[PDB]
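[1] experimental structure below, sequence on top.
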Amino acid sequence: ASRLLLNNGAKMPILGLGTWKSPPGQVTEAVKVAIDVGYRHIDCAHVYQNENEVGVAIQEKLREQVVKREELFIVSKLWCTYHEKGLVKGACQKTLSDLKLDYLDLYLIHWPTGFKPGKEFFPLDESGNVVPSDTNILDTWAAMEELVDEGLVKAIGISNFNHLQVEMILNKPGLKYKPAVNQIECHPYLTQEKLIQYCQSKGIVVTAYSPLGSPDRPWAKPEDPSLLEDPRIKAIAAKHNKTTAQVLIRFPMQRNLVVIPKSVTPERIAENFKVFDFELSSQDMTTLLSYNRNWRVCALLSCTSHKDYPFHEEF
Ligand SMILES: NC(=O)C1=CN([C@@H]2O[C@H](COP(=O)(O)OP(=O)(O)OC[C@H]3O[C@@H](n4cnc5c(N)ncnc54)[C@H](OP(=O)(O)O)[C@@H]3O)[C@@H](O)[C@H]2O)C=CC1
Ligand SMILES: N[C@@H](CCC(=O)N[C@@H](CS[C@@H](CC(=O)O)C(=O)O)C(=O)NCC(=O)O)C(=O)O
């Protein structure tokens with residue numbers, strides 16, 4: 001399987017290139033190399049401040065006729081400060097302009113938490129806590145559905161939503177388009193078995209982010225767990241004659257998830273895409289699943305008091 005079918009009738013490439021932390025001066029090249037080596041899915045976000053440069057790469061590959069638009073699956077996300085109904089279209093249009101596209105294949109609500117609109121991505125009060133906005137995810141969802149009806153995005157989805165929050169949408173009175181995807185953190189240390197089973201049971205595709213444990217996360221404390229250096233995982237990689245990163249990318253692929261490893265290193269980009277020629281045994285799968293620790297790379301600690309903070313619930 002190269003792609004998964006979404007509840008909107010389209011197929012999403014199970015492997016995509018992530019761009020969080022991909023510096024503006026290296027991500028144009030990273031995306032160009034990725035398409036050249038076969039990637040057909042790019043994960044982006046206005047909050048990553050590098051969409052214009054990712055856009056250059058895409059436009060050049062289209063222009064060079066290396067790939068056609070219908071063959072690409074581009075994803076972006078609505079940042080928290082744009083949850084207000086009157087701000088969603090504008091945020092979507094800014095991202096389409098920076099990426100130089102006429103439509104997005106998928107547009108996601110980045111976080112269930114809406115913040116106060118303004119220039120600051122994380123507006124804080126005189127103590128730090130983020131200043132929420134009185135918008136609710138349901139109203140925000142309605143504005144997202146309007147983008148589909150306006151031709152701006154082909155599918156809409158969510159990210160970092162817990163199962164009760166997914167249920168909130170599925171239960172929205174008047175619900176017109178169900179979320180096609182829920183992109184959540186997923187790797188051997190945060191396996192997400194309940195939230196994934198819940199989503200798949202609802203026909204919602206799950207995209208696993210930080211599949212490698214985001215070793216380049218800014219808040220990395222060199223004492224923290226490290227997937228790429230876990231000997232149990234390297235032994236598994238060793239057995240299949242693959243790299244540990246290849247094992248970590250193949251792992252969610254076999255649980256029927258979409259996976260989006262990030263790299264701005266050409267050789268890594270190529271290496272990461274070489275995950276369709278081997279299979280992990282169900283025994284390897286269950287062993288990897290056993291390493292779960294409920295360890296999160298992205299906990300959004302600055303919003304633990306927000307009404308819609310997603311991680312107080314067990315899933
Ligand atoms: N919805 C959300 O809230 C979130 C979405 N995401 C999405 O998921 C993507 C991927 O997750 P991310 O957090 O970036 O972290 P990843 O788990 O993808 O790991 C990226 C780090 O791993 C390194 N790496 C990549 N390939 C290899 C390799 N083969 N061997 C050794 N090291 C490697 C990269 O190095 P280098 O680049 O130097 O090669 C980088 O430092 C994000 O970029 C973003 O698109 C991420 C977080 C949150
Ligand atoms: N991207 C943010 C980074 C600062 C931030 O607050 N990041 C959050 C979100 S992580 C990331 C998730 C993603 O990639 O979508 C993001 O949106 O920036 C975070 O890591 N919180 C846990 C903490 O208190 O340290 C920014 O600079 O605007």
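    Noted; the coordinates are in hand. Numbering: from 1, shown residues only. Ligands and ions are numbered 1, 2, ... in the order given.
[2] how many neighbouring residues does the closest residue to ligand 2 within the stretch 51-200 of the chain have?
    Each residue of the stretch 51-200 of the chain has a distance to ligand 2, by CB to the nearest ligand atom, and the smallest belongs to residue 121, at 4.0 Å. C-beta: built from backbone N, CA, C; applies to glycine. Residues lying near residue 121 (other CB atoms under 10 Å) number 13.
[3] for it, pull up the helix or strand it's in.
    Following DSSP states H and E, there is no helix or strand that holds residue 121.
[4] now it: how far from residue 307?
    With distances taken as CB to CB, to the nearest Å, residue 121 is found 19 Å from residue 307.
[5] same deal with residue 154?
    31 Å.
[6] who has more neighbours out of the two?
    Neighbours per residue (other CB under 10 Å) separate residue 154 from residue 307, with residue 154 holding more: 19 against 12.
[7] pretty sure that one contacts residue 75?
    No - in this structure, residue 154 is not within contact of residue 75 by CB atoms under 8 Å, at 10.5 Å.
[8] residues of the stretch 201-315 of the chain that sit close to ligand 2?
    219, 298-302 (CB under 6 Å from any ligand atom).
[9] make a markdown table out of these and add secondary structure, neighbour count and distance to residue 260.
    Compiled in a markdown table, those are given as follows (DSSP: H, G, I helix; E, B strand; the rest coil; neighbours: other CB atoms under 10 Å; distance: CB to CB, whole Å):
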| residue | secondary structure | neighbour count | distance to residue 260 |
| --- | --- | --- | --- |
| 219 | coil | 10 | 20 |
| 298 | coil | 18 | 13 |
| 299 | coil | 15 | 19 |
| 300 | coil | 17 | 18 |
| 301 | helix | 10 | 23 |
| 302 | helix | 14 | 24 |
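[10] want to throw the residues you listed into CSV with distance to residue 202?
    Compiled in CSV, those are given as follows (distance: CB to CB, whole Å):
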residue, distance to residue 202
219, 32
298, 23
299, 25
300, 24
301, 29
302, 30
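[11] ok, and the closest non-adjacent residue to residue 120?
    The spatially closest residue to residue 120, leaving aside those adjacent along the chain, is residue 81, at 7.3 Å (CB to CB, 6 or more residues apart in numbering).
[12] likewise residue 30?
    Using CB to CB, 6+ apart, the closest residue to residue 30 is residue 264 (4.2 Å).
[13] who touches that neighbour in this structure?
    When contacts are counted by CB atoms under 8 Å, 6 or more residues apart in numbering, residue 264 is found next to 22-23, 26-27, 29-30.
[14] among the residues you listed, which one sits closest to ligand 2?
    Taking CB to the nearest ligand atom as the measure, ligand 2 sits nearest to residue 22 out of the contacts of residue 264, at 11.0 Å.
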